[PDB]
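Here is the structure we will look at, set down as C-alpha cells.
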Amino acid sequence: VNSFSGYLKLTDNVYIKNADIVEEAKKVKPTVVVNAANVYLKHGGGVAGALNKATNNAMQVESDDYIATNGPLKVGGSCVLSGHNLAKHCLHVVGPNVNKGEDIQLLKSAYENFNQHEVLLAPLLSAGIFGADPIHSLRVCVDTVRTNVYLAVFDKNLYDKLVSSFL
Ligand SMILES: CC(C)[C@H](CO)Nc1ncnc2[nH]c(-c3cc[nH]n3)cc12
Ligand SMILES: [Cl-]
C-alpha cells in the first residue's frame, strides 16, 4: 500500500486521479515525479512551469547546469534530476510536441522511460500545451508502461472524458 489516495484503477498497473500533479507531489512526496519536459529543460509553462514554480525556480537552476554540461535531451528521452521539495527525484521526460510537427510515434519511446522506475507520479505526456490528443496519450501509457504509474490530470472535464472513454 502506498500513500496515493483517491485514485481510480484503470489497469493492473495504471491509476488516475483528478488533481494538480504539483499538489499531489507535495502531499505524497513520491520517489519519482515525472515532468513534461522539453529538450532544453526550459520549464516555462504547462506542467513544467507549474512544477518549477513550486520549487521556487530551483528546478530551473539545476536544469540549466545539466544542459550546460550535457547538452539537450532527445525527443523521447529523459534524465533524472532532483525532486527538490516535491519528490525524491524528478524524471524529466520529453514527449513529442505536435504543434512543432514532432513524430507522435516518439510518444511510445517517451513512456518507455517510465519502465526504469517501479512507481511514478506522472502527467499525460505530449498532451496539454504539447498539442497531442490526451485520450491517445493515456492509451499509449497503458500499452507501454509496465511499472506502477499514478496519473494526475488537473482538468476535471478532461479527466471525466478520459475515464468515460476508457474500456
Ligand atoms: C497535461 C494535461 C493533459 C493536463 C490537463 O489537466 N495538465 C496537468 N495535469 C496535471 N497536473 C497539472 N498541473 C497543472 C498546473 C498547475 C498550475 N499550473 N498548471 C497542469 C496540469
Ligand atoms: Cl499543459
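Residue 1092 in UniProt numbering is what sits at position 68 of the sequence shown, and the numbering runs on without skipping anything.
Beta carbons are placed, not taken as given, at the ideal position from N, Cα and C, and that holds for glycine.
**Q.** CB-CB length for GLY1107 against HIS1116, believed under 8 Å
**A.** About 11 Å; that fails the 8 Å criterion.
Q) Which two residues bound the contiguous beta strand (DSSP E) that contains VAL1046? A) Unbroken run through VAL1046 is the alpha helix (DSSP H), 1045-1052; no beta strand (DSSP E).
Q: To the nearest angstrom, report how far apart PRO1096 and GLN1140 are at their CA atoms.
A: Roughly 20 Å separates the two Cα atoms.
Q: May I ask you to verify whether the stretch 1116-1125 touches the stretch 1134-1151, counting CB pairs closer than 8 Å and requiring at least 3?
A: yes
Q. Cα separation between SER1161 and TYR1135?
A. Taking the straight line joining both Cα atoms gives about 9 Å.
Q) When a residue counts only if its C-beta is closer than 6 Å to some heavy atom of ligand 2, which residues count, in chain order? A) Working through the chain, the matches are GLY1070, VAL1071, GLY1152 and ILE1153.
Q | Identified DSSP bridge partners for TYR1039 | A | When beta bridges are read from the DSSP output, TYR1039 appears opposite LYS1033 and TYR1174.
Q.
Taking 7 Å as the limit between beta carbons, can you name the residues of its chain near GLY1030, skipping five residues before and five after?
A. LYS1041
Q) Would you say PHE1138 touches ligand 1, meaning its beta carbon is less than 6 Å from a heavy atom? A) no
Q.
Helix, strand or coil for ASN1059? Go by DSSP, reduced to three states.
A. It is a strand residue.
**Q.** Chain-order list of residues whose beta-carbon lies under 8 Å from that of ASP1088 (same chain, five-residue window excluded)
**A.** When the five nearest sequence neighbours on each side are left out, the beta carbons in the same chain lying within less than 8 Å of the beta carbon of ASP1088 are those of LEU1065, in order along the chain.
Q: Select from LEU1144, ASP1167, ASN1037 and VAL1173 the residue whose C-alpha is nearest the C-alpha of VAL1056.
A: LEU1144
**Q.** Three-state secondary structure assigned by DSSP to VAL1187
**A.** helix
Q: Go ahead and pull the three-state DSSP assignment for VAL1122.
A: helix
Q: Along the alpha helix (DSSP H) that carries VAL1085, what are the first and last residues, could you check?
A: 1082-1094
**Q.** 8 Å contact criterion, which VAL1046 and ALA1082 should meet: CB distance rounded
**A.** Between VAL1046 and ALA1082 a beta carbon distance of about 14 Å is seen, past the 8 Å cut, so the two are scored as non-contacting.
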